[PDB]
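In the structure tokens that follow, a single protein chain appears in two forms: structure 1, then structure 2.
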Structure 1
């Protein structure tokens, strides 16, 4: 709420909330790291939706506390002091908080303080699923994690392996690039296309009405909100690029058909199926860290019926899929996202962009995101909500 020039928001009537959501959507679950990255009694720091957080694993269970002391606002992490298994003590004046509920249970520098038991450090729900750590960056009782995950990600037999890193672009540029039907063009020379004999057109010549270009899901059995890209249902794949009638480029005429099932879901996770192989699936989140950066949380899923296949899958992942697909293919997406930063940096790109037919998919996402997000993260949420009268 109130992150962009009001004159710009007034112009973008189709999706003002989305344009305002510079810092992301509050009250949604977000993956931030892999379970193996956080060990028992070893607190880890991270920034999510502009908020500095601390996550710890106690007796195997994860806990999340805002990494900002209530007293003078210092990050507790500057000098971690976990003096008892269930608490953390600020290094400055020793205010002590419980990981379980964030309650200020003790103050070593003044055991008689009236503040003890009268203040609470912000805590956020944390849940581990498929070896991934999700944090509910929101207030009140969280909804099922399924609401904020693409279909099949939580399937019992789905084996998830992935990678995570920080990318220098606002999260929305990442989301739009991923769901962009015509961005395939930047992948025409990827090693994966050749080395995995994939069929990859340069783009699509749309067919049918614009209503048929996408399929919006307003509610799943779990409250999921998303959009399916259906440009290929009535569209003509373009395999030969021409300029002035002359052929100047060709798509890839491989045998493997992939990525014919693409959908984007709130709070901002893409599902591409099948990819990068006919028997696999890719789920990737674009998690807001701050207004200029995001976590590019990539995961590849494959059904596995036993430890054998899982072991085999993990072997193929490390030896082929990770370097050839997650990196060899998706690396081009990273610099493409970075290339849009300047145009949207002053928020003017949201008004000056000139869209074409395939952008119906992006428009559908902006509208869906604007109508069904669970809250706009504001700078005030970061510093401290404010209200007068």
Structure 2
């Protein structure tokens, strides 16, 4: 919806919508925080897809209101005034809104105003799952959450733990760093490799049957839309890096087999199976905050039949997984994303990039995202839709 120079969109015929989606895709669910981070009666602020939002927990349930008064456009959060359990009053002229439907129900500075009951502040559906807070940044009643989650993330036995932080790069650079088969070269010295005795090649090169290695999913019963890069089953593990024929670097010859398959799913969540251990899975989102930043929402899943196991896992997570994996392994992904910022900052990197064979899967993802996204977020969605 016109976020990029038209001359550039006209050039990338295979995935113009993706290139145009600098602010992300509207009408999809996005994780923005963990349940434990939002307590009863304590409104929290955050920006999602360029929009400032306010989340509050009332009687255990979460509600989301756009953090922008309808009157003069100030953020209510500058000075929070929740005067009754079910409402929030703007600190400026006291326009009061209901958390449940955003309706302007009262105005303390003028209880006779004709605006009362005749204006509505934007609300967004909020759903908690696996201790994660999901917000449907879209219009109309929301589709089921599973549609925008990777397979198995919502399994009843799947115990989810993770971390979240703000990273300075467009969400797409994050996505394409994560779903990249050959980028693991940057993880060759991660402490997880040695310390967890992993079998990790320098890179997973494309095998012989391309159409077999890449699997586009658009037949998922739940409506999931994504792409698989079957590196372990069809790709080739490159363990000896050479230059001029001479071996200059070797991959890791550990015993733990991981990363059998990787998959990217709209609106932008990667699934690595199995990882960081043969009995675990990694699910990570690259949530658009604005055009220059995203939330790097990391989660690790591991089946647990009982609390004793949930606690054991909970301890291994805090003592090993989080420190050694989520950080020790993925930290290099952070500055890697940051490193691509300049090339794509002016939108021209989308034309000048010189791709090679292992990028085949990324190309499949760009097309899938272009064809199946539920809407292009525009700056006008942020300021106020415009039309004559």
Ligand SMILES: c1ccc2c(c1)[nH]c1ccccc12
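Positions refer to the first chain, counted from 1. The term rigid core refers to the maximal set of C-alpha atoms that superpose within 1.5 Å between the two forms.
Structure 2, not structure 1, represents the form deposited with ligand 9CA bound. Only one candidate in 251, 142, 232, 151 has its Cα displaced by 2 Å or more between the two structures after core superposition: 232. Relative to the superposed core, residue 213 undergoes a Cα shift of 2 Å or more between the two structures.
Superposing the two forms on their core, we find that the Cα atom of residue 261 is displaced by 1.3 Å between the two structures. Core superposition places the C-alpha of residue 241 0.6 Å apart between the two structures.
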